[PDB]
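Q: Everything in the sequence shown is counted per the entry's author numbering, starting at 51 for the first residue and increasing by one.
Yeah, the Cβ is synthetic: ideal placement off N, Cα and C, and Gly gets one too.
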Amino acid sequence: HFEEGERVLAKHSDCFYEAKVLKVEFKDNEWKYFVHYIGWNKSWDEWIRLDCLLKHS
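As structure tokens, this is what we get:
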């Protein structure tokens, strides 16, 4: 699990991008994370699932 404001790696297409978690939600027995991709337009902000997130380090 991840927290609001946490720096994470987020998978988009084929690879992982530096990202920040903006919002956390739980619905239909699953966690979703609204992320912002660091150094990218706000327009790319999106909801992603747990299996597309990676902790740093």
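#1: Of all the options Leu100, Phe52, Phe66, which has the alpha carbon lying nearest to the alpha carbon of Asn79?
#2: Taking the beta strand (DSSP E) that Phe76 belongs to, which residues open and close that run?
#3: Using CA coordinates, which residue listed in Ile88, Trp97, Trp90, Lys92 is at the minimum distance from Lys82?
#4: With DSSP as the reference, label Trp94 as helix, strand or coil.
#5: On the DSSP letters alone, give me the boundaries of the beta strand (DSSP E) that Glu80 sits inside.
A: A quick look at the data gives this:
#1: Distance from the Cα of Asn79 is smallest, within the candidate group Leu100, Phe52, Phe66, for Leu100.
#2: Unbroken beta strand (DSSP E) run through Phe76: 65–77.
#3: Checked all of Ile88, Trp97, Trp90, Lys92; the closest Cα to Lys82 is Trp97.
#4: Three-state DSSP puts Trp94 in a helix.
#5: Where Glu80 is concerned, the enclosing beta strand (DSSP E) stretches over 80–87.
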